Every structure is written in structure tokens, then in C-alpha cells.
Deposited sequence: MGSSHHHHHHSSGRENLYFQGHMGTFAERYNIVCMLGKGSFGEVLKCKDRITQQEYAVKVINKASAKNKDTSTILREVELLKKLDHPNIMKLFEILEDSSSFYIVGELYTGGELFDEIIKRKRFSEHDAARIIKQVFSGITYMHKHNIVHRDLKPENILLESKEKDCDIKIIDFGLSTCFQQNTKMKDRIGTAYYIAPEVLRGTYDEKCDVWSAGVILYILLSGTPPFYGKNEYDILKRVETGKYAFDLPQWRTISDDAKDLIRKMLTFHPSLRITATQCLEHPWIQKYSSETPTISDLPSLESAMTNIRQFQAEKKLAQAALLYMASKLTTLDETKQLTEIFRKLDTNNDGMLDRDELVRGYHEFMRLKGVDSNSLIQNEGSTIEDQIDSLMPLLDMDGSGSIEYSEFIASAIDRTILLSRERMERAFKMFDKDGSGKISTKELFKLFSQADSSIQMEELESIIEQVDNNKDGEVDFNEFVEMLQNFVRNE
């Protein structure tokens, strides 16, 4: 475990939910701010708790809440995560009341990418709804972040503190029968998508009694007038997600790959991205030239101590390279991105041999950037190798890296 009070100062409260309370805290050395969920230990239901929390920490996906550490004192567990300032997707729906097909697809693609990644890691959300999706900031096209999952097996929730009425719109019919498989998240995501495009829940009613009665029948329609102005492709995706029988309901990956999603997720590099692509390429080569000790040390600092404001350019590059929208870079995506980079420069990729091809270059690189051997370059691995090492050289950040384990320490990093 570890000592929370030594490392962090509590600044203010941010919210209260089912499992505990969420506060803003500040790292005493770096002054970097974080969100911390504080859970009373008597609420447990600590060895297996830390084991399941460890899996949560290693989730590394741009649309999933990022957790940095779990600390403990005599009364509480502290789960310290990235701080998001844009509020709940719920509030954005209220303000806009509904979204263009282009805007809805961009939002729901991120939900699909996050849920796919969760399911591949054997995690079911079980309460997916707009109140549990935060915007990372107030910036226009910012990433959304799925929150509020993973603790239901280890800790006792207070049913009162959860917004039951809100949840009811979103629950799959099999949940009313005691079932919580992966497919229930797909149904909830389909309710979200229905709402993004129409502004209205597909299963609706005055109060919770009428809503749940409609959920149990599974019956919904595209009868509202605004559905006449919405494409058949979007309706086809919704019909596949809101299938009554979970066995016939499509998977999250099939959601992510649906043609309607692909049409509006064509982000690809352009001439204006060349400065940052060139920046990323130089830093990656330097990273791939440093020894296994330096590399693992750099990954640790980039993934835990960098800020959203410092990774924003690299996050846009990552998204443009991520052709299949799953929030990870596979071998072919790096090869294609390399080819696109050269094309944008006006350079024939065959000039490289005069001393190997893009394909040989990437295949030699994959074992060095995929430090965890996952088969793909996750977000934190890309940032660590592509970030300018200069920003990681902050004295405060070195101080924090040291304290987690000095004059010699600083030189070794340098």
C-alpha cells in the first residue's frame, strides 16, 4: 500500500456517487491536480481488492478513466485518477438536446472503443449512461472518458447515492432478470445513441414505473418526427444494439466497425500534422535506440506524471493513426501511418532502402514499443516514446519519480 497524506493535499470535493466520494487532490511536490475516490475500508466485501484494482490501473485507453495509484490508511482506500473538467456527457445532451449524425457518431465511436477495450479485459461496465461519461475538458472535440465501474465486486455501494431513476432508461431487459453479461453494455450504448440522435429515450415514461414496464417489452420505435431526418444506416446500427435477445445482439467490436461509424471516423493525417509527425518520429527513434533500462524508466514517467495539456498534440496524432478506432496502434497502422507521412512530404517510400523498408523498420520497432507485449501500441506506450523527453526532465517530476522508490538519480535519467 502507501500513504496518501504524505503525497497529496485535498483541495475540494468534486462529487459523490455510489461507492464513496470523489475529491480533487494536489500532489504536494508537482502541484499537479488529480481526482481521488475515497472508500471507507469497512465498506469492503484487502489482498483481492488490490488485485482487482491493479487491473483497473493497467487499463490504458484514451476513452477510459485513467487510474494512477491506490493508497490506503487505517480508515480508507484512495483511488487516485486523472482529473476531467468538462462535466458529464449528460449535461451536454441537455444543452444541445440532440446531435447531428456526424457529432453523434464521433461521440458514440469513443464509447464503443472504450467498451470494446473493457470487454477484451473481461470488465463489464453494468451502469453505462451519460452521467458516467465525462468530457476531459471544455475544449470543442475533446475526448470523452468512461467512469464509475469495476468496484461492484470488491466494495459495498450505497444504493441511495446512485441515481436509480436515471439508470432505468439504460438497463437491458436481461438485467431485470438478474443478468449482467457484456451484452448489457451494448444495449445501454444503444440507448445512449438513440438519445444522441433523437433527444428522447427509446423507453420513456412519466416515472420509473412506466419506464421499466416499457423496458421489459423491448418495444421501441423510430416514430418521432425527427427520425425521418436520420439515415437508415444509423437506424440499422441501433436495431442491432437494441436486440432483445443478448445472443443475437451485436458485440461492441461490431458496433465499433459498423459502416455508419466508419463514415464519420475517417480521421487521417494531413499536411498540417507533419510538424508533429516529424517530432513524434524523431523521439520514437531515439526511444528505440535507448536501452531497456532507460525505456522502462521513461514509460513510467510519461504515463503517470504527464498532463492532458502536454499530450494533446500527440493525442491527435494517435487518433489519426488509429485507423480501426479501437484506441490502440497495431503493426499495420504504424506501417500505413509511416507511408502516409512520406506521401504528405512528397517523398517516395522506396527511397528508404538506399537501409530498409518501412515494413522492416516497423517490425523491428514493435518489440521495443510494445513493452507489455500486448500485441499493440497502447496510448501510454505511444506517448512515452513520442513525447519530447525534455518535458519529462522537470525537477518536480524527477523528485516524484524518486520519492516513489537524488543527485545521482537526476544524472541517470539524463
Regions left out of the model, expressed as runs of the deposited sequence counted from 1: 1 to 22, 68 to 70, 380 to 381, 433 to 477, 487 to 492
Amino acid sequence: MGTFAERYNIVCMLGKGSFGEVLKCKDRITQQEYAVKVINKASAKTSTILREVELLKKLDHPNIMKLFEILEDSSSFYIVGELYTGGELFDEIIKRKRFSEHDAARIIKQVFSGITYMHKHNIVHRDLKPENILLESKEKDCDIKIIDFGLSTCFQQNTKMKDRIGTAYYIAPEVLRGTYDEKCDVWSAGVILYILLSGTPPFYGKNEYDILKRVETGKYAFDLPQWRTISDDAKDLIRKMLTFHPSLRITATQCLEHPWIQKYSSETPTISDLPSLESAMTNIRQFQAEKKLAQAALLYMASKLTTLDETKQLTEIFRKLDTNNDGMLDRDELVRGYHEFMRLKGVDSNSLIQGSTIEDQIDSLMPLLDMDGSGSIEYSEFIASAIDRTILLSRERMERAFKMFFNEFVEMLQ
From here on, numbers count along this sequence of modelled residues.
Stretch with the higher entry mean CA B-factor, where the candidates are 303 to 311 and 248 to 256: 303 to 311
Mean C-alpha temperature factor, higher of 232 to 240 and 156 to 164: 156 to 164
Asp103, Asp127, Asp326, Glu267, ranked by C-alpha B-factor: the highest one: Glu267
Candidate residues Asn132, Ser74, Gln288, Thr116, the one whose C-alpha B factor the record puts highest: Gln288
Relative C-alpha B-factor of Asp141, binned into the chain's lowest, middle or highest third: highest
Cα B factor band for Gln110 (lowest, middle or highest third within the chain): lowest
Lowest, middle or highest third - CA B-factor, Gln226: middle
Cα B factor band for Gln262 (lowest, middle or highest third within the chain): highest
Among modelled residues of the same chain, the CA temperature factor third for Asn122: middle
